[PDB]
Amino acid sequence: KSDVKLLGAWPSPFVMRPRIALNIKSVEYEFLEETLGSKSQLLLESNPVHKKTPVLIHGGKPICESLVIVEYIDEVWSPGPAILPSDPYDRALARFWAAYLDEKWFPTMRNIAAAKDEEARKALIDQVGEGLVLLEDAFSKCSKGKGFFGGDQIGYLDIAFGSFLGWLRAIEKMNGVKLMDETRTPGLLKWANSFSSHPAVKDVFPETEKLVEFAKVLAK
């Protein structure tokens, strides 16, 4: 257990990602929580560039950046189920969409909370909605009618996108908007249950109300 350590704030969509990947690979690990109010020495020494989590420590050796960590886990524990797609083009598409999520979509939805007016706030909600339209189409293309972005089995892009699901639901609730519905994102609605119910996910997947109540705690 001790030769695999995961440094992580909790709850966090980025920290969830390697927990799921480690679950898929049936890998034994110790979870070292970063607590509010302080950055640990281990953190400051493991991730001096960004001073954030997750950090996977594999043999006293730090791997930073959640998506990089998921690929590392997939490559090292190659015995287990595959996380990335096997085909180069499918892998490129999965990486493209995970990058879009982290660079454009999630930052936009995280900015809703800080908008300075109702005008600008709905502008962001509309963009988050449009992004979900794009992701619904990506899901159709990636899944091929099977259950996940990865196809029959959960995959890299399921982990990247699904890790945000609890925060999407909390932002939906606290803004009184419905961004996933059966009209605009029918496939994602179904996948959201497939993902949250998955045995590699369900025990690390946040209750929506908990995230809402937690958002309220952070307001400081």
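Residue indices: 1-based, along the sequence shown.
- Higher mean CA B-factor, judged across 155-163 and 173-181 from the recorded values: 173-181.
- The PDB entry reports B-factors from which the mean C-alpha value can be compared for 89-97 and 105-113; the larger average falls on 105-113.
- When the C-alpha B-factors of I83, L132, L124, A138 are ranked from the entry, the top spot goes to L124.
- Remark: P186 belongs to the highest third of its chain, ranked by C-alpha B-factor as recorded.
- For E45, the recorded CA B-factor ranks within the highest third of the chain. Only modelled residues enter the ranking.
- When the modelled residues of the chain are ordered by C-alpha B-factor, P62 sits in the middle third.
- Among the modelled residues of its chain, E28 has a C-alpha B-factor that falls in the highest third according to the deposited record.
- Looking at the C-alpha B-factors along this chain, the one for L168 belongs to the lowest third.
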